[PDB]
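Below sits a lone chain in structure tokens, taken as the form deposited without the named molecule.
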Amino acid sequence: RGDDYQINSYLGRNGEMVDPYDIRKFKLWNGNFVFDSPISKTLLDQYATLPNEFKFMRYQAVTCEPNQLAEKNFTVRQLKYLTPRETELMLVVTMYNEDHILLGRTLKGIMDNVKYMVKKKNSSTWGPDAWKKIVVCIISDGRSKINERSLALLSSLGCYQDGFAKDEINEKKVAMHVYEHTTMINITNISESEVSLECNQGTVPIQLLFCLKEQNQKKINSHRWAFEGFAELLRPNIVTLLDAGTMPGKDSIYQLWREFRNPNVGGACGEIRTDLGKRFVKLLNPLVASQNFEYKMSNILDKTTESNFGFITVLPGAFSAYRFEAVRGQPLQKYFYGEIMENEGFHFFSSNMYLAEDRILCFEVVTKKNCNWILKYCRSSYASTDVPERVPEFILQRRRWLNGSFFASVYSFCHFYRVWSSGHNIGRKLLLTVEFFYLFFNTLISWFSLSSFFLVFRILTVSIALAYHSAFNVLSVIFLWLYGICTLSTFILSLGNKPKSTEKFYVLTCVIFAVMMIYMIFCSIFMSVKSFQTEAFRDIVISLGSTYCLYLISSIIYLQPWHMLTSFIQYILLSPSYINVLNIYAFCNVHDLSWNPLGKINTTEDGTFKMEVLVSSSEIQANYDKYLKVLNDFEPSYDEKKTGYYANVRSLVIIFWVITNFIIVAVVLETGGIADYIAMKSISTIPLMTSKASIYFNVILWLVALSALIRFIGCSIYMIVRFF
């Protein structure tokens, strides 16, 4: 219940502004267009079952930059009550072209969370009128790019009416359209086809704020509007970022907000879950079960270990929250503009930080000067999303993730000295330095997976062929050729073609790699059993058993073990495709490159018409002299220069990746003519396999087991601390 404000509709005959409830002449309010329309009586019929905010919707045409809304004298309904309304929590939802099911899921999760907070009993912050402290800001990116089933859902809530959007106002290009309403209707069911909207006494009001950008700038500009724009006016305590389609759990927003009672917390995130469908029906898809296992282990092992140190690298799908005072200043300046100091040319970090979009913020929050903000991971809050079910869209999704992670980790390692310019105490500074070193160690390991997988596969298959001879010779040669053909084809198709065009090939390549992994598992088991009936296979069995047991125990400690059997084998079988198809495509597509009027003739009936023709000899001579003159007096734009720089930097990364991996391959296996060279050196005074292969094979597995052990200790510490 309860609202009020003073509207700006239009002027009548007396000239004193009049309300509809109580060709026309208007008046710009302070120089910019603000209009107040009533809503249809169909909504009023539910609403009655009445103050000013429920019955009007306010359109504003924002013609300025995000960082100038207040100066230009633009406002929001929250500031214009008799007592200005103070917001505790601003929830940002970003759409690009998402359909109404995804947006419906996000809004329904938000509405359920707000209802939970409003029904809270013993709280100083939340209570019966807690909905007044929450603003839901839906920033859609382009009118041309929005779906009409989303604008139809937004309209059905009461927060959109067409007709009074304007392209320009006093020769000023309108940059954005803002629709403001407070709705009493809630979403109660979202089937595969329909969204159930209903309004009764049990519903809670939601202060929606629909922003519609005029043209599609990317997501960083949406965040620019959210943080530099409306957050400056509303002054929220916490700013929460959600994507359309990410449905928060029933208490996730409250449980994340509860994380900020520690005054040192500057940001927080929760768990992101794969949405397995109805009765886990989607778990039959190997691509979906693999992703389910990957998400569960990224949350259980990686996030807890990072949160112990104090710096988290929030996962792309999960919804995050930042304390607004934490990000004001340097972090937002780095996030939106980049390293401002820059000459006409291009620098590596400054021109490439857009690849690591949100992971910059986190870094700058932790290493902020004279401030001891920490990032913290909340396991009590979760959000479930749908994952790609087809190989091409899976590849296209992970292209962004892998490039962002690689660049963010390189940037954080290269600039770690900032940890010591911040305001943390000495112990936290040491912990953060150790964590950044460990994260770069992980990045370095992930950079050499191309060689690691091939070396493990080739050593294993050749060793079994050497030892037992039966049909493993032919199998070794055949699998070498299959690997080579698939890898060459993946390189060529990712450098030149698009994944949508060739889907059968990518599916076939994934199947080939799965069969390869099955063969490697068989070889390992066979060699181990024969040895039990040498030392290297003792090491392989002990190390792999240990790394499986640590995963299982960490899942049990986290109290979420069911993914360790329903989804493990699928992930194991698709791991070679993660190494060999996702990484190649991600590295081959780093930057997403993209390389007078004369007159008219209209004739009359007779075929006649009139013309302006050079008739005087003098003007013909003039034109002739002007062309006789041209025969006597005898880098392009910034966009293509930036495109050239991006292409150079994308192609220098692939070459270095391939060469540095083949260096290790050639050192271990003595490829590259090295075995020839040693042979001919001795002749101056080739073997099948050396002891370098044994040493490397052991080292790889020990690294895997060590990483599992470190992450197990991290997760154990996380759970123990949280439980105490």
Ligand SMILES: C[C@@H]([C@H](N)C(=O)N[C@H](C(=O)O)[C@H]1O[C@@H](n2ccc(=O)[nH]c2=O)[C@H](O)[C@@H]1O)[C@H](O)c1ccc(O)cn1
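Only residues modelled in both forms are compared. Start at 1 with the first residue shown and count on from there. In this text, the rigid core denotes the largest set of C-alpha atoms whose superposition between the two forms falls within 1.5 Å.
If you look for the form deposited with the named molecule bound, you will not find it shown, but the lines that follow are about it.
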Can you tell me whether the pocket in this form is open or blocked when the named molecule is overlaid from where it sits in the entry with it bound, based on ligand atoms within 2.4 Å of backbone or C-beta (3 or more = blocked)? blocked
The named molecule: the contacting residue among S494, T94, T87, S555 in the entry with it bound [heavy atom, 4.5 Å]: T94
So which of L154, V581, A231, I272 reaches within 4.5 angstroms of the named molecule in the entry with it bound, heavy atom to heavy atom? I272
Please run the contact check for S463 against the named molecule in the entry with it bound: heavy atoms, 4.5 angstroms, yes or no? no
So, in the entry with it bound, is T246 in contact with the named molecule at a 4.5 angstroms heavy atom limit? yes
With a 4.5 Å heavy atom cut-off, would you call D386 a contact of the named molecule in the entry with it bound? yes
Any non-hydrogen atom of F324 within 4.5 angstroms of the named molecule in the entry with it bound: no
Where does the named molecule sit in the entry with it bound: which of 335-343, 312-320, 176-184, 201-209, heavy atoms within 4.5 Å? 312-320
Every residue of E98, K218 and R400 near the named molecule in the entry with it bound, heavy atom within 4.5 Å: yes
Displaced residue between the shown form and the other one, judged on C-alpha after the rigid core is fitted, out of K369, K610, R261, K121 (threshold 2 Å or more): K610
On a rigid core fit between the shown form and the other one, runs of three or more residues in which every CA shifts by 2 Å or more occupy 313-318, 596-634
